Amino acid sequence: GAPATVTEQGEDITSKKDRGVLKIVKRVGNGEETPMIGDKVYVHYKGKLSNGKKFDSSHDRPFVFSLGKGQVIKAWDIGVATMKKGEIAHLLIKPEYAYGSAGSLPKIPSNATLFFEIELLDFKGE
């Protein structure tokens, strides 16, 4: 399903063009602005290992973070910076842009590919 669709059709939004972060816009957002680095960002997300085997969501209980400030994995700083208010996007992320060969046990194993659906609710300029 969704992870394989992002493999097949997703845009490579990396600078290096290494397919490390692939994106599909699922629902289009409003406004020309996207978050600049330093912004306070508000999202709903659903995430999982691409294997399907572990699963994690804000809409369970929004997730708040400062963009570009190392509170989230590199792929979120990259991916969320491309998104507009109201946008829902799918990301598929190689380990180099997430938790790498070290992983982050017990939640994330070594060399894990991650999938997220993200909704950008708001962002405000520090």
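Note that residue numbering begins at 1 and tracks the sequence as displayed.
According to the PDB entry, the deposited sequence contains 1 to 3 residues between residue 61 and residue 62 that lack coordinates.
Across the two stretches, 27-35 and 77-85, the PDB entry reports the greater mean Cα temperature factor for 27-35.
Just going by the entry, 86-94 versus 36-44 on mean CA temperature factor gives the higher value to 36-44. Per-chain ranking of the deposited C-alpha B factor places residue 66 in the highest third. The deposited CA B-factor of residue 121 belongs to the highest third of values across its chain. Residue-level temperature factors show residue 50 in the middle third of its chain, judged at the C-alpha atom.
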